[PDB]
Amino acid sequence: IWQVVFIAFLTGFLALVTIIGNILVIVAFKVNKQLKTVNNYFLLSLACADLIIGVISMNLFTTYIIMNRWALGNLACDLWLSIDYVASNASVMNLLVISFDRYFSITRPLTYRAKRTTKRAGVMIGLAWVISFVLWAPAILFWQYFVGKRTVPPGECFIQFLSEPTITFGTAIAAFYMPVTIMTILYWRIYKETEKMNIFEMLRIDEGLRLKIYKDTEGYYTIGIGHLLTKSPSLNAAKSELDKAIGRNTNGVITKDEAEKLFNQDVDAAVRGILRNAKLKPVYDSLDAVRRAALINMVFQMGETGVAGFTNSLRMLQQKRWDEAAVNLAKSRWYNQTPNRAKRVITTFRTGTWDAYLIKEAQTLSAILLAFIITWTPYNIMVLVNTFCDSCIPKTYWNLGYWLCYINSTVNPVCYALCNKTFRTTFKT
Ligand SMILES: C[N+]1(C)[C@@H]2C[C@@H](OC(=O)C(O)(c3cccs3)c3cccs3)C[C@H]1[C@@H]1O[C@@H]12
């Protein structure tokens, strides 16, 4: 009992670390405009969940464990639980909101990336806490009054309707296993597709955007972002090819959605072209994200056949000789047709940076995700297990899993700072 008490305070240490880390997140974000963004906004929400959970749950938990008994009675037990599950819930749903956000950033450039603000983010988050609360709290508090009696004996506290290992299983899957799988899906997708954002802003600048058919600087009929319709001067040809392309009668006009989807089609085709080609591929392998994106610009413009006839240049681009590549490109007919765009692309080649386009080059999601899964799944697996054998799990293991579920909330700020040097230097001060 003496050694037990001596070790008990460790938990307190962890709770303190949690509350200060989170409190730091909050303050640092509020006091530094740099840190204000949509993504950082969601990260603020998370740090909040972790704070409310670290100043309340971790502690009263430490208490309950220490005493071996529940002192504060029924209602304290109810509020503690409700705050706890509503909170951690809002934490999972917050993670989801994040993943889906970055996803809609990659896949829906015009519809999503373009209109997204910290206001919209705020709304989404608030709505999330709403959902969480409305799922857990009413159940946890009002289950007794509903059923008419209180299953819970005084002295030991837990959620009334969760007695059964099955309903607990199903609710863990729904509330954990499902959302985790989905976060993994969205994740690996984002991790595969991250560059489409940069290459998007790139082609966006170079080409520009128009919803209704307009004449190119060359005069050719062209629609959307960088989508060429036809070089024939007859408007009918263009409009018709376009219609083929959309699968509707466009009447010369298209929606922003249709547009973003067209772009995506185009880029995927560009890339697929670079990888199908014997020339562009190997070179394209040795290129860093910037330059590579440049290559995808040229290919997105002239086509694979087109960009493959640059062999004089390709040679040096693969050999990491830049100034010579650029020099080799300036002398071609490409540069002659539309010098500005090409000049931007080439500069992008030489420098290896987006500064020509003034462009800002997935982050932290790995960390947060990993922490979450690895501090939760022990417990969820322990539940899945308890479903099938009654006595195989002693209360100890439950408590431990719980603690992990906390050290998530502890570790999340840590992952914040460790991932972004911004949060580092902001905390230091
Ligand atoms: C440590 N917790 C506070 C407790 C145990 C863990 O719980 C979870 O991981 C669960 O999947 C479930 C646990 C038990 C039945 S369903 C969730 C609960 C609430 C939203 S998702 C994590 C959090 C959560 O509040 C519970």
# chains A, B, ... in the order shown; residues from 1 in each chain; ligands from 1
>>> residues_near_ligand(ligand="ligand 1", cutoff="6 Å", atoms="only C-alpha atoms and all ligand atoms", output="list in words")
residues 84, 85, 88, 89, 168, 171, 172, 175, 176, 376, 380, 402, 405 and 406 of chain A
>>> select_by_dssp(residues="range 178-409 of chain A", states="alpha helix (DSSP H)", output="PyMOL selection string")
chain A and resi 178-193+196-207+235-246+256-276+280-285+289-302+304-307+311-318+322-330+333-337+339-351+365-388+395-409
>>> atom_distance(atom1="CA of residue 54 in chain A", atom2="CA of residue 66 in chain A")
17.3 Å
>>> residues_around(residues="residue 76 in chain A", least_positions_apart="5", cutoff="10 Å", atoms="only C-alpha atoms", output="number ranges by chain")
A: 60, 70-71, 81-82, 157
>>> closest_residue(among="A:15, A:302, A:223, A:308", to="residue 277 in chain A", atoms="only C-alpha atoms")
A:308
>>> closest_residue(among="A:397, A:29, A:92, A:55", to="residue 383 in chain A", atoms="only C-alpha atoms")
A:397
>>> residues_around(residues="residue 98 in chain A", least_positions_apart="5", cutoff="12 Å", atoms="only C-alpha atoms", output="ChimeraX atom specification")
/A:38-46,90-93,103-105,121,124-125,128,182-183,186-187,190,362-366,368-369
